[PDB]
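Shown next as structure tokens: one chain only, the form deposited in one PDB entry.
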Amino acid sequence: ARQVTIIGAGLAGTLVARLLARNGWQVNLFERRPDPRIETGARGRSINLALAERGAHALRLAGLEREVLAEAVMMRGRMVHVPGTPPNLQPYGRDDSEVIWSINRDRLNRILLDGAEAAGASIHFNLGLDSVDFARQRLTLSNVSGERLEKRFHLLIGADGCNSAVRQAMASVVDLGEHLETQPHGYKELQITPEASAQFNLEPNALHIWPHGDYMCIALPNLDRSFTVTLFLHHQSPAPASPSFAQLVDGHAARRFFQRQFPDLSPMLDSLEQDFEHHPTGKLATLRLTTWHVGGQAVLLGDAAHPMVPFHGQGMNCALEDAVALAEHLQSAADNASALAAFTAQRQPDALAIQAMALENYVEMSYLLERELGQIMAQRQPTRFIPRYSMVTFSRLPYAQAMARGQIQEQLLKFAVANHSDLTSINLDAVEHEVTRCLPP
């Protein structure tokens, strides 16, 4: 039986472990954190993730979809909150068949862990990868107490997240062609209780957004009517008094900021002060690699291979999509080296596409006529004019194809709106003809 060692029992690592063990591979999976299925007295702090069609499809191929969706909340659209006006629901699709799902990360990881073990994988927790000796084909692991263990490996899969230790080790033996692009926004994760969201009638079956120019909040629901809230805000003010994490010296400052800038959201954040001080501020960055593998010895996938900004909510979906593709190449290739090169060749252009579209979404949420004309064109020519957040989300269309069609649609709108102040001056039938001329079904 072919042997593989996977580092990181996250979303990509656990899924690929299941797909490989199900195909007869001897799978050993190492995770630095404890087993989350072992109940302790500690609280369960976990965020919700938006699971889209492409991510759900990957779970379907793994035979885990129904189990996952049973614990997921349906989000029919985005609920945009501008103070003074009732929330405006922008539906994601025609009906409840075009939706995305909010799933708690911890729940998903536990289901994937059970699935990988049911398929025959062996999972070892409380062991973090420290280094790799590629010549001797050995790696070193250690627990938090620093006690070290050495293991032989034949194939090494780096599914160890955006700060992959496997990636660091690979960069020592090959030039991965890394380019790091940091973003000026950080983020802070907050919470809304079930009592609070009910009291203020926050729609459970929707994704919620609080736009505010250079900063904003987003909220995803959970089964118990609580919401996970994420604040996006500049790390630093430009050189000066504009809002930034540096300007919010403590949780009391955060409250004043929210009471001023997010008045309809502050009442729902009961634990704002403590969450703001105890939850660390996250960083945003995009990391692009020219290559994802070292010969036939090691390969990266998920956040280890292509860290991206969380806008568009596609990091997990891409990671699950990576896992299916990697298992497919490994299963059917002439040899591991061929599989890893073919895997890289397939997935690298798609990762670049979603990395770019996520950043574009990041910029766009940090012109009104174009979106208004586009909303009309999407209703008049379905299957040809599909909004950006729908193509990435509701179809297994390769990311690069979603992007290519998005540019055609964006330019088409540019020509129709150019040199017009309002929509009554636009020839709607002429716009529709360009759609049929430049967008195949």
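Rigid core here is just the name for the largest C-alpha set that superposes within 1.5 Å across the two forms. All residue numbers refer to positions in the sequence shown, first residue = 1.
Counting the deposited residues that fall between residue 239 and residue 240 and carry no coordinates gives a value of 1 to 3.
In terms of unmodelled positions of the deposited sequence, the stretch from residue 366 to residue 367 in this entry skips 4 to 9 residues. Stretches 97 to 105 and 336 to 344 differ in mean C-alpha B factor, with the higher average recorded for 97 to 105. Across the two stretches, 375 to 383 and 40 to 48, the PDB entry reports the greater mean Cα temperature factor for 375 to 383. Annotation for 397, 70, 56, 27: 397 ranks highest, by Cα B-factor. For the set 189, 350, 270, 117, the PDB entry puts the maximum C-alpha B factor at 270. Compared with the other modelled residues of the chain, the Cα B-factor recorded for residue 388 ranks in the highest third. Per the deposited record, the Cα B-factor of residue 151 falls in the middle third when ranked against the other modelled residues of its chain.
Per-chain ranking of the deposited C-alpha B factor places residue 322 in the lowest third. Split the chain's modelled residues into thirds by C-alpha temperature factor. Residue 360 is in the middle one. When the modelled residues of the chain are ordered by their C-alpha B factor, residue 35 lands in the lowest third.
Separately, the form deposited in another entry exists; it is not shown, and the next lines address it.
Looking at 37, 60, 33, 380 after a core superposition between the shown form and the other one, you find that only 380 has a C-alpha shift of 2 Å or more. In a rigid-core overlay of the protein, residue 21 has its C-alpha displaced by under 2 Å between the shown form and the other one.
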